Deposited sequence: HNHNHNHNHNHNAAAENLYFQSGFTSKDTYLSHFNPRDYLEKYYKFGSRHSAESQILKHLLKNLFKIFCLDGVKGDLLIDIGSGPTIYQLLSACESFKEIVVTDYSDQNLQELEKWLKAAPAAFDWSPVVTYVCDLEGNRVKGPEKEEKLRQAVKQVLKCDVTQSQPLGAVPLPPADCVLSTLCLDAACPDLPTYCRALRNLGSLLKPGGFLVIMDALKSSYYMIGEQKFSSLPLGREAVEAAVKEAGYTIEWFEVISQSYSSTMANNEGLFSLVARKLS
């Protein structure tokens, strides 16, 4: 299985964004649309809200925070890769080399009923993100020495399957994310099903191939109660990954 040090050195953030999030009718854009609709449902319709949301394994992406910034005063973004956090920071600071998220932002504005336009939505997200932190989900203290208040919600999109080499580590990671959550707080996970790798160009990265039953069992083992669980059949392009759909779940910490 891919060593975690490979993420520091070989995960190219700009290449990842170009391959998966350009949003130019690709499998990658169909998956992105589905993820955005579910995140809108959770944070805007279901009213998952609070003072603090921690996004775990954010990579260099912000799409997973666009609806969340309407419901949370503060968002903390985290990743194992320092290069990924620097790419995020380019967008947060509105630096010239920042990735163009405007088609994704417009799509979320449309989903939300065109209450606001792209620039207002972006400013709301930029104001919500106060901290950009290193994290390691495999550790009992994922945020290391950095203290944070217990969060109202922990979100993790397409991270846990890449971070966990086996099922015991995956259950342990759910427990470690739980240490960041307030009692009764929400856990929101979205990831690929039955995927054993993903590609960024010629660079291969391992993935833990879990089925829906093993994911649900691990969340219950780790001390959560599931509110809803959805499986989609849509898979990534054959050149990208070997998954059999994706899942999304919302649970509460016991």
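> Ranges lacking C-alpha coordinates, please, mapped onto the deposited sequence and listed in sequence order.
Seq positions lacking coordinates: 1 to 23, 48 to 49, 280.
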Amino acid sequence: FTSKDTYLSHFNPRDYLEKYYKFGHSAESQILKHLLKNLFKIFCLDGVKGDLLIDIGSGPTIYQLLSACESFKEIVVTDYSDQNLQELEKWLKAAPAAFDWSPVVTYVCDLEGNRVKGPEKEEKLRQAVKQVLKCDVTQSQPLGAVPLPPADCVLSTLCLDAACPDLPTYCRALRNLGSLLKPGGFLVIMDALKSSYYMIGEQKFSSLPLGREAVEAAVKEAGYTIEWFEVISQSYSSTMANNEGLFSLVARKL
From here on, numbers count along this sequence of modelled residues.
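Take the two forms, find the largest set of C-alpha atoms that superpose within 1.5 Å, and that set is the rigid core.
> Which of 45 to 53 and 63 to 71 lies farther, on average, from the shown form in 5 other deposited structures of this protein once the rigid core is superposed (C-alpha RMS)?
Checking 45 to 53 against 63 to 71 in 5 other deposited structures of this protein, I find the farther stretch is 45 to 53.
> Tell me whether residue 245 is absent from the model in at least one third of the other entries compared, counting only those where the residues either side are present.
Residue 245: modelled in all of the comparison entries.
> For residue 25, does the count of other compared entries lacking it reach at least a third?
Yes, left without coordinates in at least a third.
> May I ask you to compare 135 to 143 and 86 to 94 by their mean CA B factor in the entry and name the higher one?
Here the higher of the two C-alpha B-factor means belongs to 86 to 94.
> Out of 186 to 194 and 62 to 70, which stretch has the higher average CA B-factor listed in the record?
According to the entry, 62 to 70 carries the higher average C-alpha B-factor.
> Considering only 169, 106, 156, 179, which residue's Cα atom bears the greatest B-factor as recorded?
Result of the comparison over 169, 106, 156, 179: 106.
> Can you tell me which third, lowest, middle or highest, the CA B-factor of residue 245 falls into for its chain?
Bottom third by C-alpha B-factor.
> Determine, from the deposited record, the chain-internal third of the Cα B-factor for residue 44: lowest, middle or highest.
It belongs to the highest third of the chain when residues are ordered by C-alpha B-factor.
> Would you please rank residue 30 by its C-alpha temperature factor against the other modelled residues of its chain and give the third it falls in: lowest, middle or highest?
Tercile = middle for this residue's CA B-factor.
> For the chain shown, is the CA B-factor of residue 233 in the lowest, middle or highest third of its modelled residues?
For residue 233, the deposited C-alpha B-factor lands in the lowest third.
> Ranked by Cα temperature factor within the chain, is residue 51 in the lowest third, the middle third or the highest third?
Highest third - that is where residue 51 ends up once the chain's C-alpha B-factors are sorted.
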